[PDB]
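In the form deposited without platensimycin, a lone chain appears below as structure tokens.
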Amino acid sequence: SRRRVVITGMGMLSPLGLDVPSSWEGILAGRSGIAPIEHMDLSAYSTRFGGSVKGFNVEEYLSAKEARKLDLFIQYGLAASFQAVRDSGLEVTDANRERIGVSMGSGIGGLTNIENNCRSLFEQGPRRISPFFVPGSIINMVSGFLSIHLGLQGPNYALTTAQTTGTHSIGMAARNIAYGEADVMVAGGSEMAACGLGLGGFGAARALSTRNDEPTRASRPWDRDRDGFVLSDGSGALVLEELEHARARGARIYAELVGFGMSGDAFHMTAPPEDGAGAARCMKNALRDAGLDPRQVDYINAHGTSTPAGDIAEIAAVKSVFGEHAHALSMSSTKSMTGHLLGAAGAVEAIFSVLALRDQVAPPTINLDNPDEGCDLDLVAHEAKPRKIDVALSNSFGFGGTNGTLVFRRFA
């Protein structure tokens, strides 16, 4: 048998705000965090908008000297991790520090730092590359820096599974606790790829909305006028905790993490299969992991990226998995508001799924003005929907055909 895993702490930077309760207020009001990107010449670029983190103050977390050494994606990781640990009330001691680990990941990592260090390498040669370039940019330094600052000696690692990183990080953090390798983990992801290489990289693949005239309307999952996803920045982080350990110290428990699914499409590098067979296997694996029958699911936080092929495959997968229950469950895409935080997408959407359990409300899919062929499920168009939710799914489907599903259940 296996230990049960609860959420005792949550932390976040999104395009909707600098913490969870502000972000969530935005989610439930159907606000967009999408706007033209500032302080950057995007003239030669086909996309000029995204979800930026607005008014982030890194000195709330770090000295100016330590923040200077660290990619924006690491600063966002640390902010969310610190918020989450503080949200948990957890106290690290000599007695427990070896039982507390970190799995914070990122899809794309330190592009902003790689751009600046390239600028210097090409203009001036290697001798202007920063000393802190490697340790200030590599993806495992959110885990590394947080572990050093808080004295965490538990499992210390980072995942990079593109747009599935946050979901994988949280699920495999939960595995560490359930099989007794740790009692507490800080898990999620962070991303800042609304930079030249991010917008250029994804623009070159024509993966991005080019709807520059109405940036708030660009992200329209399942709408017949969608034209690709919206690149967004930020971080999610949860404190996962073994249930007995949480009860003993009198922790506030948001929800129980009951199920983790993984699967590979083994199909295509960027495109899912049309029937979502991989997402369907993953969701089944997640429900079996939880010992739940598909009928018990009430809410799904879709991947719902606003790509033609991606949005339709998720409908196919849900119909397949859930048969005569696929219309009963509510399924929204909060990317309609936040855009796609890539590796951080799963972290922030896990939090939104937890808070849909707390508040008994399905968040909206905004911009779903004209559902496409076959998109006839309860996609919670335009407006939040209060309803009964005992069990919430959060899905993530990534490049390389890598899939992740988390199942959260109400704790009482």
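Take the two forms, superpose them, and find the largest set of C-alpha atoms that agree within 1.5 Å; that set is the rigid core. All residue numbers are counted from 1 along the displayed sequence.
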*Rigid core superposed, root mean square over structures and residues, which stretch has C-alphas farther from this form in 8 other deposited structures of this protein, 23-31 or 37-45?*
37-45
*Please work out which of 41-49 and 340-348 has the higher mean CA B-factor as recorded in the PDB entry.*
41-49
*Output the stretch having the higher mean C-alpha B factor in the entry; the candidates are 151-159 and 126-134.*
126-134
*Could you check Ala182, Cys282, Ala80, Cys195 and tell me which one carries the biggest Cα B-factor in the deposited entry?*
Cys195
*Can you tell me which third, lowest, middle or highest, the CA B-factor of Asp275 falls into for its chain?*
highest
*For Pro308, return the chain-relative third of its C-alpha B-factor as stated in the PDB record: lowest, middle or highest.*
highest
*Relative C-alpha B-factor of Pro215, binned into the chain's lowest, middle or highest third*: highest
*Consider only the C-alpha atoms of the modelled residues in this chain, order them by B-factor as the entry records it, and name the third containing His268: lowest, middle or highest.*
highest
_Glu383 CA temperature factor, ranked by third within the chain_ = highest
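Only in words, not in the display: the form solved in complex with platensimycin, which the text now covers.
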_Is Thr305 part of the interface with platensimycin in the deposited complex - any heavy atom within 4.5 Å?_
yes
*Looking at the partner-bound form in the deposited complex, is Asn301 within 4.5 Å of platensimycin by any heavy atom?*
no
_Is it the case that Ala205, even though its partner is missing from this view, gets within 4.5 Å of platensimycin in the deposited complex, heavy atoms only?_
yes
*Applying a 4.5 Å heavy atom distance criterion, does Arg247 contact platensimycin in the deposited complex?*
no
*Quick one: name the residues from 324-348 with any non-hydrogen atom within 4.5 angstroms of platensimycin in the deposited complex.*
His340
